[PDB]
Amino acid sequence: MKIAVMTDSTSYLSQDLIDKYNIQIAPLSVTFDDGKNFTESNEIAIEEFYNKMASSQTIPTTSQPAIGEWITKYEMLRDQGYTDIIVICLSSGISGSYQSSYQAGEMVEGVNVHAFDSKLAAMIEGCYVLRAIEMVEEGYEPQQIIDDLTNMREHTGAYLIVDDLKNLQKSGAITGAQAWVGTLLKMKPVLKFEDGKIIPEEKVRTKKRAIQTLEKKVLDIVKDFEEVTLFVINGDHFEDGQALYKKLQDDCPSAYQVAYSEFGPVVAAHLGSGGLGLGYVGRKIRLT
């Protein structure tokens, strides 16, 4: 037994962690209305991506890692001599990345692939990667790891706001919002993940109150957990995420782990400007 853990690029792990644990990444891509396209990487400058989004008449589209792209990486990892690969994927509710990971797996002989649907995205998805690597070091077997991650998924979630619903709406990434259309009476939309899909949760009158709602909803859930990791995941409005992070640092006991991350271009292409998420995991995830 030699277990490897990999993921797709939308887990948005820090390059320090990718380098420390030698995490292989199957990248997603984004394409703009002028045909411009690029692979997701920590080498991309996120501020320029938002600038290009803003100066686009048409919202940009994204692509899962082609089914051939995973095969290459398992084959790569096969040829390195690993016997089992745990694969943490973007939510199957919003992306074909998970299925293409599963279908690619069935195609590579000589290694056992265990694809796992995180049912979330960004560093909340990344937390499953970090949990899986920790368990491998602890001597756990692949089925024990998948079982543990499944349990973790029962106590993981996220709420989120965006400036305008158009990107989520036009890209088909929001569910159940066919009535919120029609000049959504100003009132900021608060959304949440449910069973891997993004659904409306509440409509609040201001963006500051949307941020307060993010905090209230998540704190009321995680007060019942034995272990708590919170992630503020910010889009392009710096003060948005700084405010929420500072507030959580003040309001939460130090027994809660409170961390900060950002959206990369694939997720940002569907959120648009002003994205801000607050996610939670009922575990003390190893962030180092």
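Just count from 1 along the sequence shown to find any residue number.
Per-stretch averaging of Cα B factors for 144 to 152 and 118 to 126 places 144 to 152 on top. Mean CA B-factor, 132 to 140 versus 185 to 193: the higher value falls on 185 to 193. Per the PDB record, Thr39 has a higher Cα B-factor than any other of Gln249, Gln257, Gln242, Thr39.
When the C-alpha B-factors of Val281, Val5, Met1, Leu287 are read from the PDB record, the largest value belongs to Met1.
Among all modelled residues in this chain, the alpha-carbon of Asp220 has a temperature factor (C-alpha) in the middle third. Sorting the modelled residues of the chain by their CA temperature factor places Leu230 in the lowest third.
In the PDB entry, a CA B factor belonging to the highest third of its chain's modelled residues is recorded for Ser56. Remark: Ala177 belongs to the highest third of its chain, ranked by C-alpha B-factor as recorded. When all modelled residues of the chain are sorted by CA temperature factor, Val162 is found within the middle third.
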